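**Student:** Please find run_35.cif (mmCIF, C-alpha atoms and all ligand atoms) on the next line:
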data_entry
#
loop_
_atom_site.group_PDB
_atom_site.id
_atom_site.type_symbol
_atom_site.label_atom_id
_atom_site.label_comp_id
_atom_site.auth_asym_id
_atom_site.auth_seq_id
_atom_site.Cartn_x
_atom_site.Cartn_y
_atom_site.Cartn_z
ATOM 1 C CA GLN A 5 -85.837 -115.985 -181.814
ATOM 2 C CA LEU A 6 -82.557 -116.408 -183.854
ATOM 3 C CA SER A 7 -79.701 -113.817 -183.984
ATOM 4 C CA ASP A 8 -77.956 -112.719 -187.274
ATOM 5 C CA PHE A 9 -75.194 -115.222 -186.473
ATOM 6 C CA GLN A 10 -77.590 -118.172 -185.779
ATOM 7 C CA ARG A 11 -79.795 -117.437 -188.831
ATOM 8 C CA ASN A 12 -76.753 -117.415 -191.107
ATOM 9 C CA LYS A 13 -75.369 -120.626 -189.621
ATOM 10 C CA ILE A 14 -78.774 -122.323 -190.121
ATOM 11 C CA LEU A 15 -79.071 -120.908 -193.724
ATOM 12 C CA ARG A 16 -75.519 -121.713 -194.682
ATOM 13 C CA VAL A 17 -76.314 -125.318 -194.000
ATOM 14 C CA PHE A 18 -79.609 -125.200 -195.950
ATOM 15 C CA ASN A 19 -77.870 -123.802 -199.055
ATOM 16 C CA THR A 20 -74.821 -126.044 -198.822
ATOM 17 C CA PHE A 21 -75.661 -129.528 -197.525
ATOM 18 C CA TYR A 22 -79.404 -129.928 -197.865
ATOM 19 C CA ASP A 23 -80.384 -128.146 -201.070
ATOM 20 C CA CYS A 24 -78.271 -130.285 -203.431
ATOM 21 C CA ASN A 25 -80.170 -129.216 -206.631
ATOM 22 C CA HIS A 26 -79.598 -125.656 -205.399
ATOM 23 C CA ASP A 27 -83.110 -124.440 -206.255
ATOM 24 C CA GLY A 28 -84.030 -122.897 -202.870
ATOM 25 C CA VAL A 29 -86.124 -125.732 -201.299
ATOM 26 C CA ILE A 30 -85.567 -129.159 -199.722
ATOM 27 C CA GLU A 31 -87.324 -132.164 -201.236
ATOM 28 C CA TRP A 32 -86.873 -135.859 -201.702
ATOM 29 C CA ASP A 33 -85.035 -134.933 -204.978
ATOM 30 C CA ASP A 34 -82.197 -133.292 -202.982
ATOM 31 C CA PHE A 35 -81.802 -136.487 -200.980
ATOM 32 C CA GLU A 36 -81.623 -138.797 -204.061
ATOM 33 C CA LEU A 37 -78.948 -136.347 -205.057
ATOM 34 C CA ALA A 38 -77.003 -136.676 -201.800
ATOM 35 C CA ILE A 39 -77.089 -140.475 -202.071
ATOM 36 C CA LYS A 40 -75.627 -140.212 -205.592
ATOM 37 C CA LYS A 41 -73.033 -137.652 -204.439
ATOM 38 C CA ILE A 42 -71.809 -139.946 -201.564
ATOM 39 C CA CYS A 43 -71.767 -143.043 -203.737
ATOM 40 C CA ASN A 44 -69.601 -141.199 -206.243
ATOM 41 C CA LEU A 45 -67.416 -140.200 -203.293
ATOM 42 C CA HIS A 46 -66.946 -143.664 -201.826
ATOM 43 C CA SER A 47 -67.534 -145.753 -204.969
ATOM 44 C CA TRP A 48 -70.353 -147.811 -203.446
ATOM 45 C CA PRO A 49 -72.282 -150.129 -205.720
ATOM 46 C CA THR A 50 -75.613 -148.632 -206.938
ATOM 47 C CA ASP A 51 -77.225 -151.585 -205.195
ATOM 48 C CA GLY A 52 -74.903 -152.659 -202.312
ATOM 49 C CA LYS A 53 -75.598 -152.611 -198.544
ATOM 50 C CA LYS A 54 -74.368 -149.027 -198.081
ATOM 51 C CA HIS A 55 -76.542 -147.644 -200.941
ATOM 52 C CA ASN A 56 -79.851 -149.148 -199.799
ATOM 53 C CA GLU A 57 -78.923 -148.793 -196.099
ATOM 54 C CA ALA A 58 -78.365 -145.025 -196.770
ATOM 55 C CA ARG A 59 -81.544 -144.729 -198.825
ATOM 56 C CA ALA A 60 -83.494 -146.086 -195.817
ATOM 57 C CA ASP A 61 -82.004 -143.646 -193.272
ATOM 58 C CA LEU A 62 -82.642 -140.631 -195.496
ATOM 59 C CA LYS A 63 -86.255 -141.693 -196.082
ATOM 60 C CA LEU A 64 -86.517 -141.610 -192.288
ATOM 61 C CA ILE A 65 -84.681 -138.332 -191.944
ATOM 62 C CA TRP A 66 -86.743 -136.695 -194.680
ATOM 63 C CA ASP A 67 -89.937 -138.041 -193.277
ATOM 64 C CA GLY A 68 -88.802 -136.514 -189.989
ATOM 65 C CA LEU A 69 -87.840 -133.059 -191.249
ATOM 66 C CA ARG A 70 -90.990 -132.791 -193.319
ATOM 67 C CA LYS A 71 -93.445 -133.860 -190.595
ATOM 68 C CA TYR A 72 -91.895 -130.958 -188.626
ATOM 69 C CA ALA A 73 -91.204 -128.116 -191.039
ATOM 70 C CA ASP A 74 -93.690 -128.710 -193.852
ATOM 71 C CA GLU A 75 -96.597 -126.706 -192.349
ATOM 72 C CA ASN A 76 -98.385 -126.526 -195.745
ATOM 73 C CA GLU A 77 -98.014 -130.267 -196.526
ATOM 74 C CA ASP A 78 -96.841 -130.068 -200.131
ATOM 75 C CA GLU A 79 -93.687 -132.190 -199.597
ATOM 76 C CA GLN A 80 -91.268 -129.303 -199.744
ATOM 77 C CA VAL A 81 -89.385 -127.329 -197.166
ATOM 78 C CA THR A 82 -88.907 -123.705 -197.877
ATOM 79 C CA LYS A 83 -86.256 -121.486 -196.194
ATOM 80 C CA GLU A 84 -89.286 -119.729 -194.628
ATOM 81 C CA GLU A 85 -90.421 -123.055 -193.051
ATOM 82 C CA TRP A 86 -86.853 -124.100 -192.284
ATOM 83 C CA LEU A 87 -86.195 -120.991 -190.314
ATOM 84 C CA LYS A 88 -89.604 -120.995 -188.679
ATOM 85 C CA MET A 89 -88.927 -124.500 -187.498
ATOM 86 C CA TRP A 90 -85.396 -123.847 -186.275
ATOM 87 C CA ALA A 91 -86.542 -120.788 -184.350
ATOM 88 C CA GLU A 92 -88.734 -122.862 -181.993
ATOM 89 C CA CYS A 93 -86.581 -125.912 -182.252
ATOM 90 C CA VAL A 94 -83.641 -123.872 -180.939
ATOM 91 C CA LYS A 95 -85.427 -122.153 -178.011
ATOM 92 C CA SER A 96 -86.626 -125.622 -177.089
ATOM 93 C CA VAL A 97 -83.076 -127.083 -176.906
ATOM 94 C CA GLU A 98 -82.082 -124.219 -174.626
ATOM 95 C CA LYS A 99 -85.048 -125.046 -172.366
ATOM 96 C CA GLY A 100 -83.840 -128.586 -171.593
ATOM 97 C CA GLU A 101 -85.213 -130.870 -174.324
ATOM 98 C CA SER A 102 -82.880 -132.548 -176.841
ATOM 99 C CA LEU A 103 -82.986 -132.366 -180.649
ATOM 100 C CA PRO A 104 -85.606 -133.861 -182.965
ATOM 101 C CA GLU A 105 -84.972 -137.565 -183.741
ATOM 102 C CA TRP A 106 -84.487 -136.933 -187.490
ATOM 103 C CA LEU A 107 -81.689 -134.492 -186.652
ATOM 104 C CA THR A 108 -79.701 -136.948 -184.584
ATOM 105 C CA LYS A 109 -80.404 -139.424 -187.369
ATOM 106 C CA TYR A 110 -78.733 -137.107 -189.928
ATOM 107 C CA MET A 111 -75.825 -136.486 -187.583
ATOM 108 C CA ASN A 112 -75.098 -140.228 -187.303
ATOM 109 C CA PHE A 113 -75.574 -140.504 -190.954
ATOM 110 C CA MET A 114 -73.042 -137.735 -191.590
ATOM 111 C CA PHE A 115 -70.662 -139.271 -189.050
ATOM 112 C CA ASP A 116 -70.802 -142.648 -190.766
ATOM 113 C CA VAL A 117 -70.183 -141.026 -194.153
ATOM 114 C CA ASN A 118 -67.008 -139.378 -192.733
ATOM 115 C CA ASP A 119 -65.751 -142.415 -190.840
ATOM 116 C CA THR A 120 -64.827 -144.362 -193.994
ATOM 117 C CA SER A 121 -62.464 -146.746 -192.210
ATOM 118 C CA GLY A 122 -65.023 -147.363 -189.451
ATOM 119 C CA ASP A 123 -62.846 -147.044 -186.322
ATOM 120 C CA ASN A 124 -65.275 -144.499 -184.836
ATOM 121 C CA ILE A 125 -62.833 -141.624 -185.502
ATOM 122 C CA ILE A 126 -62.822 -138.932 -188.090
ATOM 123 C CA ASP A 127 -59.276 -138.249 -189.120
ATOM 124 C CA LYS A 128 -58.181 -135.153 -191.067
ATOM 125 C CA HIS A 129 -58.116 -136.852 -194.420
ATOM 126 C CA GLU A 130 -61.546 -138.449 -194.124
ATOM 127 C CA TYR A 131 -62.871 -135.086 -193.050
ATOM 128 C CA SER A 132 -61.495 -133.059 -195.863
ATOM 129 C CA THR A 133 -62.309 -135.732 -198.356
ATOM 130 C CA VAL A 134 -66.011 -135.313 -197.484
ATOM 131 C CA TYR A 135 -66.302 -131.636 -196.941
ATOM 132 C CA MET A 136 -64.276 -130.729 -200.032
ATOM 133 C CA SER A 137 -66.892 -132.559 -202.043
ATOM 134 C CA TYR A 138 -69.518 -129.994 -200.844
ATOM 135 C CA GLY A 139 -67.334 -127.042 -201.997
ATOM 136 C CA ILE A 140 -65.658 -126.108 -198.701
ATOM 137 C CA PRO A 141 -61.972 -125.093 -199.586
ATOM 138 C CA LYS A 142 -59.154 -127.405 -198.454
ATOM 139 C CA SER A 143 -57.812 -124.731 -196.079
ATOM 140 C CA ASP A 144 -61.169 -124.229 -194.372
ATOM 141 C CA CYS A 145 -61.177 -127.990 -193.757
ATOM 142 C CA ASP A 146 -57.711 -127.874 -192.179
ATOM 143 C CA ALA A 147 -58.455 -124.758 -190.074
ATOM 144 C CA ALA A 148 -61.805 -126.320 -189.067
ATOM 145 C CA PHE A 149 -60.370 -129.751 -188.262
ATOM 146 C CA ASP A 150 -57.572 -128.258 -186.075
ATOM 147 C CA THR A 151 -60.346 -126.502 -184.169
ATOM 148 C CA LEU A 152 -62.734 -129.440 -183.807
ATOM 149 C CA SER A 153 -60.007 -131.943 -182.824
ATOM 150 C CA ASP A 154 -58.330 -129.251 -180.783
ATOM 151 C CA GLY A 155 -54.946 -129.299 -182.516
ATOM 152 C CA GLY A 156 -54.977 -133.143 -182.092
ATOM 153 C CA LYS A 157 -55.688 -133.116 -178.371
ATOM 154 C CA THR A 158 -59.266 -134.448 -178.830
ATOM 155 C CA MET A 159 -60.329 -137.515 -180.799
ATOM 156 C CA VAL A 160 -63.237 -136.755 -183.072
ATOM 157 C CA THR A 161 -65.502 -139.669 -182.149
ATOM 158 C CA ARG A 162 -69.270 -140.197 -182.872
ATOM 159 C CA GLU A 163 -69.940 -138.823 -179.401
ATOM 160 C CA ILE A 164 -67.689 -135.732 -179.893
ATOM 161 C CA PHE A 165 -69.153 -135.100 -183.378
ATOM 162 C CA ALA A 166 -72.724 -135.097 -181.999
ATOM 163 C CA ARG A 167 -71.788 -132.507 -179.402
ATOM 164 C CA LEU A 168 -70.165 -130.327 -182.074
ATOM 165 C CA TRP A 169 -73.310 -130.723 -184.212
ATOM 166 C CA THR A 170 -75.466 -129.216 -181.465
ATOM 167 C CA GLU A 171 -73.051 -126.313 -180.864
ATOM 168 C CA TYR A 172 -73.160 -125.579 -184.550
ATOM 169 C CA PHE A 173 -76.974 -125.227 -184.820
ATOM 170 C CA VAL A 174 -77.779 -123.806 -181.412
ATOM 171 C CA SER A 175 -74.804 -121.891 -179.894
ATOM 172 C CA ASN A 176 -74.931 -118.100 -180.080
ATOM 173 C CA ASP A 177 -71.329 -118.057 -178.862
ATOM 174 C CA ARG A 178 -68.754 -117.006 -181.529
ATOM 175 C CA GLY A 179 -65.978 -118.703 -179.573
ATOM 176 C CA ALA A 180 -67.737 -122.081 -179.655
ATOM 177 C CA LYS A 181 -65.753 -124.594 -181.639
ATOM 178 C CA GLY A 182 -68.830 -126.428 -182.982
ATOM 179 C CA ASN A 183 -69.356 -123.336 -185.169
ATOM 180 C CA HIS A 184 -66.655 -124.699 -187.558
ATOM 181 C CA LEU A 185 -68.233 -128.161 -187.885
ATOM 182 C CA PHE A 186 -68.967 -127.475 -191.509
ATOM 183 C CA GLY A 187 -65.777 -125.735 -192.482
ATOM 184 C CA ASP A 188 -64.041 -122.798 -190.889
ATOM 185 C CA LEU A 189 -66.042 -119.597 -190.291
ATOM 186 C CA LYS A 190 -64.124 -116.358 -190.121
ATOM 187 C CA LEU A 191 -65.569 -114.805 -186.941
HETATM 188 CA CA CA B 201 -83.832 -128.307 -203.693
HETATM 189 CA CA CA B 202 -93.840 -126.559 -197.615
HETATM 190 CA CA CA B 203 -61.618 -143.297 -189.471
#
Let me see whether you can do it: turn the structure in this file into structure tokens.
**Tutor:**
Amino acid sequence: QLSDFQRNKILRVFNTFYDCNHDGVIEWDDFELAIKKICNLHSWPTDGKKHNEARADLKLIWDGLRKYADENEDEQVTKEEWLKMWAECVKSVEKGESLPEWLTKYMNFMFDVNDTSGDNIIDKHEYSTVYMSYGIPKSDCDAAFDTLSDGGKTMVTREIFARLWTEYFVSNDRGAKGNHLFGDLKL
């Protein structure tokens, strides 16, 4: 199963990015929250393309996560179910098979949220603008971004971001740069 390192990486994300209302479970309510949070960030109209567009993708993502981790079918993902899922989902990515569809779907969703200007590149400002809005300190965005972009040597494109996403969730390597996808970890 998952090491202390992996567990904590998987939990850190649960508590930070998924459990918006901060009550200890994931539900549709946390997603209506995200949508609000990102609209406030980018000043999208409550009813524009981006708002409804985003509401569609999250309905998909949620529907994906929950037909996947919600063993007990009550429309709620517990940390217990989250971890139980990730356990087998991880040992299955290190046996050859790729991620679940909903998880790629969230990754593209996140990428598009970052890539404000829409040139297919996350620049340092766009990055810190997002991740500061989830509580990650400005300095942990700068330390992170220098790692993910490789002091400027690598362009953070949709493709590169997806590969860092997988490293984050699955790698048991402390040296792996995808570890700092969501803000700098002291390792
Ligand atoms: Ca919640
Ligand atoms: Ca449940
Ligand atoms: Ca950009």
**Student:** Translate the PyMOL selection byres (((not hetatm)) within 6 of (chain B and resi 201)) into a concrete residue list for this structure, as a ChimeraX atom specification.
**Tutor:** /A:23-31,34
**Student:** Starting from the displayed file, determine the output of the PyMOL selection byres (((not hetatm)) within 9 of (chain B and resi 202)) and express the residue list as a VMD selection string.
**Tutor:** chain A and resid 29 to 30 70 73 to 82 84 to 85
**Student:** Tell me, as a list in words, which residues lie within 10 Å of residue 58 of chain A, counting only C-alpha atoms; anything in the same chain fewer than 5 positions away does not count.
**Tutor:**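 The contact residues come out as residues 38, 39, 42, 43, 53, 63, 64, 113, 116 and 117 of chain A.
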**Student:** Could you take the residues named above and write them with C-alpha atoms, as a short mmCIF file (atom, residue, chain, number, x, y, z; two decimals), in the coordinates of the input?
**Tutor:**
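Saved to part.cif:
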data_model
loop_
_atom_site.label_atom_id
_atom_site.label_comp_id
_atom_site.auth_asym_id
_atom_site.auth_seq_id
_atom_site.Cartn_x
_atom_site.Cartn_y
_atom_site.Cartn_z
CA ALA A 38 -77.00 -136.68 -201.80
CA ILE A 39 -77.09 -140.48 -202.07
CA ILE A 42 -71.81 -139.95 -201.56
CA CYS A 43 -71.77 -143.04 -203.74
CA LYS A 53 -75.60 -152.61 -198.54
CA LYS A 63 -86.26 -141.69 -196.08
CA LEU A 64 -86.52 -141.61 -192.29
CA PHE A 113 -75.57 -140.50 -190.95
CA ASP A 116 -70.80 -142.65 -190.77
CA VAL A 117 -70.18 -141.03 -194.15
#
**Student:** Grab me every residue within 7 Å of ligand CA 203 (chain B), counting only C-alpha atoms and all ligand atoms, and send it over as a PyMOL selection string.
**Tutor:** chain A and resi 119-127+130
**Student:** Could you state the separation of atom CA of residue 69 of chain A and atom CA of residue 106 of chain A in Å, given to one decimal place?
**Tutor:**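 Taking atom CA of residue 69 of chain A and atom CA of residue 106 of chain A, their separation equals 6.4 Å.
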**Student:** Could you spell out the hits of the PyMOL selection byres (((chain A and resi 9-19) around 8) and not hetatm) on the shown file, as a ChimeraX atom specification?
**Tutor:** /A:6-8,20-24,26,28,83,87,90,172-176,183
**Student:** Check the smallest atom-to-atom distance from each of A:186, A:59, A:40, A:171 to residue 138 of chain A using all atoms listed in the file, then report the winner.
**Tutor:**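 Of A:186, A:59, A:40, A:171, the one nearest residue 138 of chain A, counting all atoms listed in the file, is A:186.
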**Student:** Given the choices A:185, A:5, A:131, A:60, which gets closest to residue 89 of chain A if the distance is worked out from all atoms listed in the file?
**Tutor:**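 Closest to residue 89 of chain A of all the choices is A:5.
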**Student:** Rounded to one decimal place, report the atom CA of residue 135 of chain A-atom CA of residue 51 of chain A distance in Å.
**Tutor:** 24.2 Å
**Student:** Expressed in Å to a single decimal, how great is the separation between atom CA of residue 128 of chain A and atom CA of residue 105 of chain A?
**Tutor:** 27.9 Å
**Student:** Which protein, DNA or RNA residues have an atom at most 12 Å from (-83.6, -140.8, -184.0), counting all atoms listed in the file? List them as a ChimeraX atom specification.
**Tutor:** /A:61-62,64-69,102-113
**Student:** Would you save the residues of that selection, restricted to C-alpha atoms, as an mmCIF file, keeping the file's coordinate frame?
**Tutor:**
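Okay, selection.cif is ready:
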data_model
loop_
_atom_site.group_PDB
_atom_site.id
_atom_site.type_symbol
_atom_site.label_atom_id
_atom_site.label_comp_id
_atom_site.auth_asym_id
_atom_site.auth_seq_id
_atom_site.Cartn_x
_atom_site.Cartn_y
_atom_site.Cartn_z
ATOM 1 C CA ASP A 61 -82.004 -143.646 -193.272
ATOM 2 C CA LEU A 62 -82.642 -140.631 -195.496
ATOM 3 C CA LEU A 64 -86.517 -141.610 -192.288
ATOM 4 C CA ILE A 65 -84.681 -138.332 -191.944
ATOM 5 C CA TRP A 66 -86.743 -136.695 -194.680
ATOM 6 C CA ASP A 67 -89.937 -138.041 -193.277
ATOM 7 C CA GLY A 68 -88.802 -136.514 -189.989
ATOM 8 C CA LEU A 69 -87.840 -133.059 -191.249
ATOM 9 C CA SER A 102 -82.880 -132.548 -176.841
ATOM 10 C CA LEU A 103 -82.986 -132.366 -180.649
ATOM 11 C CA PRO A 104 -85.606 -133.861 -182.965
ATOM 12 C CA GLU A 105 -84.972 -137.565 -183.741
ATOM 13 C CA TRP A 106 -84.487 -136.933 -187.490
ATOM 14 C CA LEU A 107 -81.689 -134.492 -186.652
ATOM 15 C CA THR A 108 -79.701 -136.948 -184.584
ATOM 16 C CA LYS A 109 -80.404 -139.424 -187.369
ATOM 17 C CA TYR A 110 -78.733 -137.107 -189.928
ATOM 18 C CA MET A 111 -75.825 -136.486 -187.583
ATOM 19 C CA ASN A 112 -75.098 -140.228 -187.303
ATOM 20 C CA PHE A 113 -75.574 -140.504 -190.954
#
**Student:** Using all atoms listed in the file for the distances, tell me which of A:72, A:184, A:149, A:160 is nearest to residue 88 of chain A.
**Tutor:**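 Result for the nearest residue to residue 88 of chain A: A:72.
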**Student:** Show which residues sit within 6 Å of residue 148 of chain A, as a PyMOL selection string. Count all atoms listed in the file, and ignore same-chain residues fewer than 3 positions away.
**Tutor:** chain A and resi 144-145+151+184+187-188
**Student:** Which is closer to residue 115 of chain A than all the others in A:162, A:54, A:142, A:181, using all atoms listed in the file?
**Tutor:** A:162
